[PDB]
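Reading through the structure tokens given below for one structure.
Numbering (UniProt numbering), first residue to last: 45 to 495, 499 to 547.
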């Protein structure tokens, strides 16, 4: 007797909803009936957290199985066409019995921090799928589209199993309106195309969420709708996309890719996500999907919101235990703070991070003078270590204060040590697009490293920043420098003010 959990229709939708969380990629195993059951749904759907397009999800696992019984594992990734995404399958084509048949997946790299400015941009690619296994789903003993006897009856049938058919995808992305619509088609030997699915999605950050609608509801395999399509834009300037959808009855799992042509487009920043290493004082990029309140370390997510003003988060990621201090509760569209791996009382790879969701360029104020107030985080190293740790005290704390002139397109900034009545860093920058670039300086003679102890001096250090939120009511930025006469790494964020 086969017993399984009674899943309510509530939980079904909830576990489907869970599949909509953004990730570098997704992979599912092709369902295979155990002898006593008649039907096996798609259910083993896992996120992909590794970041190399060369690695095929769970391929190795399948390969270790393959050789033993028969051997023939085929892999399709679209590596000959795509540069930032991989989609397809890795399967045992000589599969029989109850062992694994393989996996369908998509994955991507460098989630886009820059999108095209506007207009409708075309992306072409491929798609693949696996079905569930169902003896009772009107699937014919002979299939005019799929190789073999009773394809999809005892074992999920895939795009790999099709008779001389290519599975083409086309997408139209309206970057002006952040809408996406597309087609999943099948092309036969005689170049006749058949629309299998239309897709529609809304873009948010570098991700889209939407639905896939089945062209032919009488199709025994590709005939069910999905209200759960999710994917992302990949590559620094949105060169490519990839994604998936799950049929509402878990009877199908599809993956797709897309790549736009060589037309050079104007782009805009939508996301800031970088970290400064506090020993090299170099800046590296972080993966981000357009939610600044979530930190992606090793393809795994860390939530940064909390009840306090700034919040300490401890999260275990691949045996690497990570700790982040994220500020601030009054910042809705950006986060910054410290990040490190913990080793008992030892701490490795200390770094500062900054994340923000850029304001739309056309939503940056064209004129007006506003004050921004926040705090900051920094490390300075000239012999000893001076440090700034974000706080809540507007009066004598680690203050950051900014005068922004949207008319004259300028940012003037002050960064204070605690107690200090005078600033220790003076930021001057010009507003360009939805960001700003400029310089950070100390006074001629600098500031004491606390408290014959050293003085720290920094001249014309490059400052990079952005305006965040719907109408740029938040701003943040960073600067870093390394030399033997001193080194610094700093992140800051500030909220727009109103006279009270």
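Ideal Cβ placement from N, Cα and C applies to all residues, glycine included.
Residue nearest to residue i in terms of C-alpha spacing, selected from the options
i: residue 257; options: 368, 393, 242, 265; result: 242
i: residue 397; options: 343, 430, 316; result: 316
i: residue 361; options: 528, 342, 193; result: 342
i: residue 121; options: 86, 51, 173, 110; result: 173
i: residue 268; options: 250, 240, 247; result: 240
i: residue 450; options: 195, 189, 527, 518; result: 518
i: residue 88; options: 59, 109, 114, 110; result: 59
i: residue 67; options: 416, 338, 516; result: 338
i: residue 98; options: 394, 378, 127; result: 127
i: residue 224; options: 231, 251, 232; result: 251
i: residue 412; options: 453, 438, 379; result: 453
i: residue 208; options: 49, 236, 116; result: 236
i: residue 482; options: 543, 527, 205, 218; result: 527
i: residue 90; options: 78, 77, 73; result: 73
i: residue 380; options: 541, 325, 403, 495; result: 541
i: residue 485; options: 514, 462, 521, 525; result: 525
i: residue 230; options: 189, 460, 347, 95; result: 189
i: residue 164; options: 193, 139, 216; result: 216
i: residue 408; options: 345, 516, 62; result: 516
i: residue 538; options: 529, 318, 436, 403; result: 318
i: residue 327; options: 314, 349, 399; result: 399
i: residue 146; options: 184, 106, 308; result: 106
i: residue 401; options: 95, 56, 309, 514; result: 514
i: residue 76; options: 377, 49, 465, 197; result: 197
i: residue 382; options: 440, 320, 415, 430; result: 320
i: residue 92; options: 205, 61, 287; result: 287
i: residue 403; options: 377, 421, 417, 416; result: 377
i: residue 139; options: 50, 109, 129; result: 109
Proximal residues to residue i (C-beta, below 8 Å), its chain only, five neighbours per side dropped
i: residue 311; result: 158, 159, 160, 161, 281, 282
i: residue 248; result: 222, 334
i: residue 141; result: 113
i: residue 64; result: 253, 272, 274
DSSP beta-bridge partners of residue i
i: residue 255; result: 244
i: residue 498; result: Here residue 498 is not present, the numbering of the chain passing from 495 to 499 in one jump.
i: residue 499; result: BP columns for residue 499 are empty, so no partner.
i: residue 434; result: Residue 434 pairs with nothing; no bridge assigned.
i: residue 134; result: 119, 147
i: residue 508; result: 484
i: residue 291; result: Answer is none; residue 291 lacks a bridge partner.
i: residue 366; result: 359, 385
i: residue 402; result: 515
i: residue 442; result: Residue 442 pairs with nothing; no bridge assigned.
i: residue 277; result: 285
i: residue 371; result: 354, 380
i: residue 297; result: 174, 290
i: residue 317; result: 399
i: residue 422; result: 432, 537
Whole-Å CB distance - residue i paired with residue j, under 8 Å assumed
i: residue 137; j: residue 101; result: That belief does not hold up - the Cβ atoms of residue 137 and residue 101 are roughly 18 Å apart, past 8 Å.
i: residue 285; j: residue 275; result: 6 Å
i: residue 278; j: residue 153; result: 6 Å
i: residue 455; j: residue 471; result: 7 Å
i: residue 536; j: residue 503; result: Wrong, their Cβ atoms sit about 13 Å apart, outside the cutoff.
i: residue 214; j: residue 168; result: 6 Å
i: residue 419; j: residue 442; result: 5 Å
i: residue 199; j: residue 304; result: Contact flag wrong, Cβ pair sits at about 36 Å.
i: residue 521; j: residue 375; result: 6 Å
i: residue 461; j: residue 432; result: 7 Å
i: residue 155; j: residue 332; result: 7 Å
i: residue 131; j: residue 170; result: 7 Å
i: residue 493; j: residue 426; result: 6 Å
Closer than 7 Å to chain B by CB, residue i
i: residue 90; result: As a matter of chain content, chain B is missing from the structure shown, which is built from one protein chain.
Own chain partners of residue i with C-beta closer than 6 Å, once the 5 adjacent residues on each side are dropped
i: residue 458; result: 445, 467
i: residue 85; result: 176, 294
i: residue 203; result: 172, 173, 211
i: residue 405; result: 312, 477, 478
i: residue 345; result: 338
i: residue 228; result: 171, 213, 240, 241
i: residue 414; result: 448, 543
Beta-carbon contacts of residue i that lie in its chain and below 7 Å, excluding the five residues immediately before and after
i: residue 289; result: 256, 270, 272, 273, 298
i: residue 119; result: 100, 103, 134
i: residue 498; result: Shown without residue 498, the model has the chain running from 495 straight on to 499.
i: residue 490; result: 502, 503, 504
i: residue 181; result: 264
i: residue 322; result: 394, 395, 396, 423, 536
i: residue 392; result: 384, 385
Three or more C-beta pairs below 8 Å linking the region 499-509 and the region 382-393: no
Looking at C-beta atoms only, is the number of pairs between the region 132-151 and the region 298-311 that lie closer than 8 Å three or more? yes
Would you call the region 355-372 and the region 469-477 in contact, with 3 or more CB pairs under 8 Å? no
Specify whether the region 341-356 and the region 371-386 touch according to this definition: at least 3 beta carbon pairs, one from each stretch, less than 8 Å apart. yes
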